[PDB]
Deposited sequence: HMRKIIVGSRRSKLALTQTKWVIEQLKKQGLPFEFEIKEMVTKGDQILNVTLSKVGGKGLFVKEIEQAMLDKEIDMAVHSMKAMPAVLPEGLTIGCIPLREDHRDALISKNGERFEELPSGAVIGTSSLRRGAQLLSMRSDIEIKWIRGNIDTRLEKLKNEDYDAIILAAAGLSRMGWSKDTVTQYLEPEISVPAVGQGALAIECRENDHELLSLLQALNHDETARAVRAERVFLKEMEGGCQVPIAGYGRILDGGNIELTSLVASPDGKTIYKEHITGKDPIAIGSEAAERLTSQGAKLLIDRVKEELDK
């Protein structure tokens, strides 16, 4: 026999899609292993520590800033599109949307940055599938919605479903957007070896700097915080890190370029904290109660 690797997964169509793609990619190494999905965050992690599962595949922006002792991120594959995307009901770009246009998103990070660019538009909550939000755009009060360009690609959508791709200058992406995270036990050296070939350290070094900034600022999906990293020619990491207030009238923004990803994410957090961004994040976490 050969070892059968158990991969836990959230039951959504997107989650099982990512899980099967990682398995499909891990099979091309031709190494003696079996793979098996077991439909199931805290259950996942403890199940992995309990050894009832062996690994898990998440969206990097859905990974908690801090992993429990004993678990690690053993592989970050090649990064997909990292940008937010605007889809309008009537095909307008962001600057072309009429006054009072309603843009649908539940992300304070996305809403606060758009409000910083234009305060004459409204940001309203919206729920559901990529496929569900596209129908609500057609039938409801929304004039546009914001979606991750990586999510549209994984669900097999046209790049021309997007009206406009938001460059990081307009909307700094969430930490790890477009990237996958393969979580496993840090002492499973056999699994870590299989995951090495799928890893892509140009993506990994950039995301590591993003995650340190997220970690030092105590951030998450619910907090209006953003960070995008990329490798420049020469090995340097360029990290754009941002903290915004919900009404979009306060923008802490910092650009760092260096060689050590941990030191880069450290300085961005050290720098923005001194400007008063950590005080902001506490009030927003308090407001969420």
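Against the full deposited sequence, which stretches does the structure leave out?
Counting from residue 1, the stretches without coordinates are 41-61, 311.
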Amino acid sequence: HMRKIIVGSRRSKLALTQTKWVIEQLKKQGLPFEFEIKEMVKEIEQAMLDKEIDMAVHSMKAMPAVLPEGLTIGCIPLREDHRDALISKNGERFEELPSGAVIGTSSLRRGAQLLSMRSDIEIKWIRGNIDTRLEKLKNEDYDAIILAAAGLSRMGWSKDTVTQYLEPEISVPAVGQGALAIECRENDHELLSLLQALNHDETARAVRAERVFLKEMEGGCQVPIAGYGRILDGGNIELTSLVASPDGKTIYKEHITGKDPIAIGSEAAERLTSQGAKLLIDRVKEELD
From here on, numbers count along this sequence of modelled residues.
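Going by the B-factors listed in the PDB entry, is the mean over the C-alpha atoms higher for 43-51 or for 65-73?
Comparing 43-51 with 65-73, the higher mean C-alpha B-factor belongs to 43-51.
Mean CA B-factor: is it higher for 218-226 or for 56-64?
Going by the record's values, the stretch with the higher mean is 218-226.
Just grab whichever of 204, 130, 85, 182 has the top CA B-factor as deposited.
Across 204, 130, 85, 182, the entry lists the biggest C-alpha B-factor for 130.
Please pick out which of 80, 160, 92, 167 has the largest Cα B-factor as recorded in the entry.
Highest C-alpha B-factor among the listed options: 160.
Rank-wise, by C-alpha B-factor, drop residue 155 into the lowest, middle or highest third of its chain.
It belongs to the highest third of the chain when residues are ordered by C-alpha B-factor.
Report the third (lowest, middle or highest) to which the CA temperature factor of residue 189 belongs, ranking only the modelled residues of the same chain.
As the PDB entry reports it, the C-alpha B-factor of residue 189 lands in the middle third of its chain.
Check where residue 258 lands among this chain's C-alpha B-factors and tell me if it's the lowest, middle or highest third.
CA B-factor rank for residue 258: middle third.
Comparing against every modelled residue in the chain, figure out the third that the C-alpha B-factor of residue 136 lands in (lowest, middle or highest).
For residue 136, the deposited C-alpha B-factor lands in the highest third.
Going by the recorded CA B-factors, say which third of the chain residue 31 sits in, lowest, middle or highest.
Tercile = highest for this residue's CA B-factor.
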